[PDB]
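Every chain is numbered from 1, with letters handed out A, B, ... down the list of sequences.
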Amino acid sequence: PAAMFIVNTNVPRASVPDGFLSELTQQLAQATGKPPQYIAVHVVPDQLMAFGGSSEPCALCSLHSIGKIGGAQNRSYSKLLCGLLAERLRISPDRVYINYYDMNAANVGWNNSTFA
Amino acid sequence: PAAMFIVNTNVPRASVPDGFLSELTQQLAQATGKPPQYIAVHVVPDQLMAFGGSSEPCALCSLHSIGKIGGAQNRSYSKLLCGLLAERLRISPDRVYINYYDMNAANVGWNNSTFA
Amino acid sequence: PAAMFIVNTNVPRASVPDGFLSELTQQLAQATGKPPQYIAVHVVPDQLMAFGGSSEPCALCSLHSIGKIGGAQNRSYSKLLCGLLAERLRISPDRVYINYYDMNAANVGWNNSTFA
Ligand SMILES: CC(C)C(=O)c1c(C(C)C)nn2ccccc12
Ligand SMILES: [Cl-]
Ligand SMILES: [Cl-]
Ligand SMILES: [Cl-]
Ligand SMILES: [Cl-]
Ligand SMILES: [Cl-]
Ligand SMILES: [Cl-]
């Protein structure tokens with residue numbers, strides 16, 4: 001099992017609250033049902049980005065996961081993650097995209113091998 | 001509908017025009033047939049990169065879109081995007097890769113939900 | 001053909017050895033059997049990341065390739081790449097993920113066209 005979440009945003013680094021990586025780890029572990037040991041997170045502030053031609057605060061994110069991806073699940077993840085970006089980074093949820101990827105275990109490397 | 005274009009390059013931030021993200025937004029809106037509101041753009045300069053073993057200017061890019069991806073369309077997008085990168089960032093078109101992704105609406109989160 | 005490898009890490013830039021990009025290019029050319037001219041590499045240090053809730057050294061990587069991706073092949077790449085990250089960046093192999101992508105030629109743009 002593995003899942004990784006990346007958020008790219010134009011919000012300044014100083015605006016990312018202390019503990020944000022830990023919150024994302026914890027809340028994604030809950031949402032996906034995976035042990036937090038297997039969750040990786042990456043937050044990239046201060047980016048040169050635009051959404052709909054506006055450079056107001058926005059985010060482009062991805063969640064790659066071995067399983068636990070699907071229509072209803074992804075709706076739930078989007079409510080969780082957009083809520084966090086709004087409440088913690090002050091980004092409007094209508095200025096967030098999250099791309100979701102269901103990875104085959106054979107296509108995820110870890111510890112000198114793969115999960116297959 | 002949604003599309004997102006990301007360009008990672010070793011060219012310096014000062015060499016990225018201030019209007020580039022808007023230029024990309026408008027040209028991609030035209031190319032995909034989508035209103036510009038649905039187009040997001042992310043440019044990442046000053047990267048540590050090599051292309052073919054050389055660190056002359058280069059770009060690694062991706063275009064993710066809900067639909068409007070396919071053999072012929074992608075041939076056309078490559079001309080558009082190579083043209084823009086050549087003119088505005090001074091990158092030779094033979095030092096550009098663009099990975100194309102046709103996303104299912106169910107796998108694109110936006111505004112606390114997905115597009116499905 | 002085409003292949004591209006990206007490594008995102010929290011390790012500082014100063015700890016990435018001189019010659020690291022060239023080592024990645026050459027080792028990936030050997031591993032994939034593709035000429036180095038077709039291989040692009042991208043290293044992104046100093047990132048805000050966590051792996052398993054910890055911000056000890058870690059890496060999130062991806063290898064996109066037209067072909068040369070599969071169960072056994074990916075195991076082999078993971079041993080190679082984790083080995084390099086361990087010896088050169090001092091990152092433990094159990095704090096590395098590598099996502100592997102077999103791209104269709106029609107979905108890889110280069111030089112005003114695609115590979116199809
Ligand atoms: C024949 C073309 C499509 C090709 O494979 C490439 C060529 C030619 C010169 C064989 N150079 N090159 C550099 C980076 C990526 C791809 C290529
Ligand atoms: Cl589901
Ligand atoms: Cl996969
Ligand atoms: Cl098409
Ligand atoms: Cl998809
Ligand atoms: Cl294989
Ligand atoms: Cl593909």
Check the pair A/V43 / C/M49 against side chain to side chain contact (heavy atoms under 4.5 Å, CB included), numbers first and verdict last.
CA-CA 6 Å; A/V43 175; C/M49 295 176 56; over 6 Å; no
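The number of heavy-atom neighbours closer than 6.0 Å to NZ of C/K68, taken from other residues, nucleotides and ligands shown, is 12 or below. By the neighbour-count criterion of 12 heavy atoms within 6.0 Å, atom CD of A/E23 is densely surrounded, having more than that number from other residues, nucleotides or ligands. Sparse packing is recorded around CZ of C/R90, with 12 or fewer heavy atoms of other residues, nucleotides or ligands lying under 6.0 Å away. Under a cut-off of 6.0 angstrom, the local environment of OH in A/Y38 is sparse, with at most 12 non-hydrogen atoms contributed by other residues, nucleotides or ligands. Summarising the local packing, NZ of C/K79 is surrounded by 12 or fewer heavy atoms from other residues, nucleotides or ligands at distances under 6.0 Å.
Side chain to side chain, A/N107 and C/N99 fail the donor-acceptor criterion of an N or O pair below 3.5 Å.
Between atom CZ of residue A/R13 and atom CG of residue C/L48 there is a gap of 5.0 Å, rounded to the nearest 0.5 Å. Atom CG of A/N112 sits about 9.5 Å away from atom CG of C/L81, to the nearest 0.5 Å.
Chain A forms more heavy-atom pairs under 4.5 Å with one residue of C/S55, C/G71, C/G53 than with any other, namely C/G53. For the options A/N104, A/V44, A/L21, heavy-atom pairs under 4.5 Å to chain C are most numerous at A/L21. Interface remark: of the candidates A/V41, A/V108, A/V16, A/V41 forms the most heavy-atom pairs closer than 4.5 Å to chain C.
For A/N111 (side chain) and C/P93 (main-chain N/O), no donor-acceptor pair under 3.5 Å exists by modelled atom type. In this structure, A/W110 contributes its side chain and C/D94 its backbone to a donor-acceptor pair below 3.5 Å.
With a threshold of 4.5 angstrom between heavy atoms, A/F20 does not approach chain C through any atom at all. Contact annotation for C/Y77: neither backbone nor side-chain heavy atoms come within less than 4.5 Å of a heavy atom of chain A. Proximity to chain C is limited to the side chain of A/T25, based on heavy atoms less than 4.5 angstrom apart. Only the side chain of C/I69 comes within less than 4.5 Å of a heavy atom in chain A; its backbone stays farther off.
Summarising the geometry of A/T114 relative to C/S78, their closest heavy-atom pair is CG2-OG, 3.9 Å, with the distance given to 0.1 Å. Residue A/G109 comes nearest to C/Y100 through the heavy atom pair N-CE1, 3.8 Å, listed as atom of the first residue, atom of the second, then distance. Across all non-hydrogen atoms, the minimal contact from A/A116 to C/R75 is O-NH1, 4.5 Å. Taking both residues in full, the closest heavy atoms of C/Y97 and A/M4 are given as CD1-SD, 4.1 Å, listed atom of the first, atom of the second, then distance.
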